[PDB]
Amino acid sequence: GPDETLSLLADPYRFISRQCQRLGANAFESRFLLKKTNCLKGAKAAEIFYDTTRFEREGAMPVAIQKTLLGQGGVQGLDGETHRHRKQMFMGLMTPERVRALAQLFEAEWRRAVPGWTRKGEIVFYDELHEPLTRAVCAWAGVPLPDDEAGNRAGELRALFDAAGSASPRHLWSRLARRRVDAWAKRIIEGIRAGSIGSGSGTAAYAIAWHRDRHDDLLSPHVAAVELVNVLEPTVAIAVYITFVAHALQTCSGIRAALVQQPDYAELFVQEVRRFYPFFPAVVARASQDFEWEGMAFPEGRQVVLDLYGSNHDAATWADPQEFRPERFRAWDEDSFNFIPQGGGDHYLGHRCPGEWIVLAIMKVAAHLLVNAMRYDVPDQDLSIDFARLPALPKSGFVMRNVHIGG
């Protein structure tokens, strides 16, 4: 076939569902870089994608992504019992009490950043989110963060995912940021192991520093560093969803009123933000053995891409996926395959994001503050979603003016 890399890069979120619409199917054979790729979309496709007897991640991860977005040696590259034992380390972090502690730290950091925002008079809301998230998640994770370094660390953490998917010299910064952040986290792990850093027994950094693998060995300091960044970086990336929260409040009538007066609405709202808005485009795996599925060949070694955005906008699952309607979540059956903004399947037995509880609790804090606490004006701007950007954002970055707080 022809190489469709540039077409994908031009339309990362929609490329797959669009061709699926053109072809009248939930899957199509394509080619990105050198490799023939099966592209899949929808609930049934996701379910076979998460079948670990048919798919592996080891031979999947494009090694320019490990130099920016993910690091080398982390949980995303693992399969089988090695993966499950590493994944359990992340899952133990996510108790309701610890998730709530992080949400509270973030609300306090949001409230502390507001006087700064007022004094600026006008802010790019997205730009302003990285630092309070960095301060909160570092504190929560037992990562010391001096006051005068937070701004810089936040910038480096942001560069890992926002300068990563960037067809620009911004890629060089992303790579330097990765080496800097990995070296920084490694010094954190080393200090914890030597006893010069007193991170608490319940914190991410402690758990990761002291984790023993299936051979009863500590992770090498660099692998532990990568796994710690796998907590810090994606927590900072919640800036994107918080920006989408403000965007929904501004562009969809009735949403604000419902949030203020209906206590159960907020949970429905944050879920619909995750379903509706583009964030993580697609996940990649490799077929581990020859099989056939719905007339399509999956030879051993075939790269397979599961389209998350398309699956989240699948009309067989949702009725009117194109509409933004939190109420749709009253009727959701909690299926692990038909709603997949951060992966599908089981958290313990597959690669599904262990960050979902944190994302939900932090988006709830955001929605609460933006309706019950924050006061702000929204000038004329281009709020349209930039579907060509990774991550996608309102083109303006959501601009606020005259910002102040209450309690």
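One rule holds for the numbers: they count along the sequence shown, beginning at 1.
Annotation for 158-166 versus 220-228: the higher mean temperature factor (C-alpha) is found in 158-166. Legend: mean Cα B-factor per stretch from the PDB entry, 180-188 versus 111-119; the higher mean is in 111-119. The residue among 301, 310, 195, 74 whose C-alpha atom has the highest B-factor in the PDB entry is 195.
Across 174, 95, 317, 104, the greatest Cα temperature factor reported in the deposited entry is at 174. When the modelled residues of the chain are ordered by C-alpha B-factor, residue 272 sits in the lowest third. Sorting the modelled residues of the chain by their CA temperature factor places residue 348 in the middle third. Sort the modelled residues of the chain by CA B factor and residue 279 lands in the middle third. In the PDB entry, residue 52 places in the middle third of its chain by CA B-factor. Ranked by Cα temperature factor within the chain, residue 365 sits in the middle third according to the deposited record.
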